[PDB]
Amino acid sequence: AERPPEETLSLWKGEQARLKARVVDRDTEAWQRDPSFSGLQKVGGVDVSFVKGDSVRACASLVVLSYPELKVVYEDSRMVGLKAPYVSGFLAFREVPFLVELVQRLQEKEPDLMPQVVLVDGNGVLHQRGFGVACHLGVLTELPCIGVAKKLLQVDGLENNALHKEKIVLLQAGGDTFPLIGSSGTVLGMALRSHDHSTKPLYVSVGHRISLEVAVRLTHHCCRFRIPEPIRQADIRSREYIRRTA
């Protein structure tokens, strides 16, 4: 609706600190250590689309794609009732309850299509408190998650200034990257040029149960276009669903 009170934001900050202790930022799946991701068969994607004049109605979508073919083998799109407004740094408290429900519906409907990793539209550890939406989803479902954002969250000294734009120019081909280094000296994520015919990078960060280098490489392998195909197909299908109900 409208901006939540400081009371709520405080509880939200506190919940993010509690759950962060459960993030695993290294590889835990055998396919992640494989040079060609052998053993990876199913990649998930999630998105939530909203309506222009409607602050309460949204559409949440979960897709599972075959890998490496990137063919949609499962789709579930759902109209939902929004509770929280969008506040930067608290994106999870607006969308993640609906995404968790989608995962549980998949487990009940098609348990053999449970994805081995989820691409999440939004950051993971690249976040004001080191616990973005992709970490939040990963910890609540225990699935490996990757954060993929289209704009750079300005945290820990990260800035979309002239130097940052110089480096983006230096990205020349799909798969090129440069690291996002915080003022503490830690690597929060990578800027990734996802396709040869696109210049605007993706900003990839660890969600849960994956390393950054594997996350970046897998993100690149899913990009038929600029947006990785799992996120792209959830975006397309959730928006089409809004359109038919409007």
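All residue numbers are counted from 1 along the displayed sequence.
As recorded in the PDB entry, 154 to 162 is the stretch of 70 to 78 and 154 to 162 with the greater mean C-alpha temperature factor. Per-stretch averaging of Cα B factors for 103 to 111 and 166 to 174 places 166 to 174 on top.
When the Cα B-factors of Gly207, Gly185, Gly39, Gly45 are read from the PDB record, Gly185 comes out highest. Sorting the modelled residues of the chain by their CA temperature factor places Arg232 in the lowest third.
Split the chain's modelled residues into thirds by C-alpha temperature factor. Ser55 is in the highest one.
Ranked by Cα temperature factor within the chain, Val125 sits in the middle third according to the deposited record. Among all modelled residues in its chain, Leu9 ranks in the highest third by Cα B-factor.
Sorting the modelled residues of the chain by their CA temperature factor places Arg94 in the middle third.
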